[PDB]
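# Structure assessment
Letter by letter, the chains look like this.
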Amino acid sequence: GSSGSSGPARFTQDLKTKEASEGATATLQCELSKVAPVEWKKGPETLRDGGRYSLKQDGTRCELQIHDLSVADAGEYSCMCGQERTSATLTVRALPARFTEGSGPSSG
């Protein structure tokens, strides 16, 4: 086919996310047509590596991380790469209101 020809990188594998609990750390994975600089986004605003966000680029793949997860973080993370773009709704489980008491083992 056609390979030897300059051009922008386009997503190949729809970006996906995982479901973690509050305080935990999420991990999103996404593939690309080729090694190209992308930019993660959490809405009408732009994000960046450093602070409370970790974005690693493994060749044609990008692994995003969100330390200290939260119920307010659960939204829609979009990633812009060249001309194409994708998004994935992150799942954040809210902590349990109360801590189950449990039960005691019966006796003979």
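Residues numbered from 1 in each chain as written, not as in the entry; some residues may be left out. Heavy atoms only, no water.

## Remarks on the overall build of the chain
When you go through the chain residue by residue, the secondary structure sums to 0 helices and 8 strands. Across the chain, helices and strands are ordered from the amino to the carboxyl terminus as β-β-β-β-β-β-β-β. Over its C-alpha atoms the chain spans a radius of gyration of 19 Å, topping by over 25% the 13 Å that the globule rule assigns to 108 residues. Out of the 108 residues in the chain, the part that is buried amounts to 23%. Restricting to contacts in the chain with at least 6 residues of sequence separation, those with at least 24 account for 59%. As displayed, the chain has an accessible area near 7,800 Å², and 42% of this comes from carbon and sulfur atoms. In the chain, which carries 13 positive and 14 negative side-chain charges, the distance between the mean positions of the two groups comes to 3 Å. (Helix = DSSP H or I, 4+ residues; strand = E, 2+ residues; numbered from the N terminus. Rg over C-alpha atoms; globule rule 2.2 N^0.38 Å. Buried < 20%, exposed > 50% of the residue type's maximum accessible area, 1.4 Å probe, protein only. Contact = heavy atoms within 4.5 Å. Areas by Shrake-Rupley, 256 points an atom, 1.4 Å probe, with all protein chains shown as cover. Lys, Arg positive; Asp, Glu negative; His and termini not counted. Charge placed at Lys NZ, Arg CZ, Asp CG, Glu CD.)

## A few points about the side chain of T86
Looking at the element boundaries, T86 is found in strand β7 (residues 84-89). Beyond its immediate sequence surroundings of up to four residues, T86 is in contact with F11, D14, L15, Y77, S78 and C79.

## Quick word on the environment of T91
The residue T91 is located in strand β8 (residues 91-93) in this model. Along the chain, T91 and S6 lie 85 residues apart, while their C-alpha atoms are 37 Å from each other. With sequence-adjacent residues up to four places away left out, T91 is seen in contact with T17, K18, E19 and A20.

## A short note on the sheet that holds strand β3 (residues 39-41)
Pairing within the open sheet is antiparallel, and its 3 strands lie in the order β3-β6-β7. Every interior strand has two partners, whereas the edge strands, β3 and β7, have only one. This sheet shows a mean twist of 20° between the axes of neighbouring strands, independent of strand direction. In the sheet, strand β6 (residues 76-81) pairs with β7 via 6 bridges, with the strands oriented antiparallel. Each bridged residue has a counterpart across the sheet, and for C81 the counterpart in β7 is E84. (Pairing = 2+ DSSP bridges. Axes fitted to C-alpha atoms, helices over the stretch in contact; angles between N-to-C directions.)

## Description of the UniProt feature "disulfide bond" in the chain
Between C30 and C79, where UniProt places a disulfide bridge, the two sulfur atoms sit 4.8 Å from each other, too far apart for the bridge to exist in this structure. Here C30 shows up in strand β2 (residues 26-31). The topology assignment puts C79 in strand β6. (Disulfide = S-S within 2.5 Å. UniProt positions renumbered as here; feature names shortened; annotations may be inferred.)

## Observations concerning the nonpolar core
If you look at the biggest cluster of nonpolar residues, it comprises 20 residues, and the most contacted ones within it are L28, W40, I66, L69 and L90. Contributing elements (two or more residues each) for this core: β2, β5 (61-66) and β6. Aside from chain neighbours lying at most four places away, what touches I66 is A24, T25, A26, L28, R52, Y53, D73, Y77 and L90. (Core = buried A, V, L, I, M, F, W, Y, C linked by side-chain atoms within 4.5 Å.)

## As for unusual backbone geometry
Of note in the backbone geometry, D68 takes a positive phi value of approximately 60° without being a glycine. For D68, a relative accessible area of 44% corresponds to the partly exposed category.

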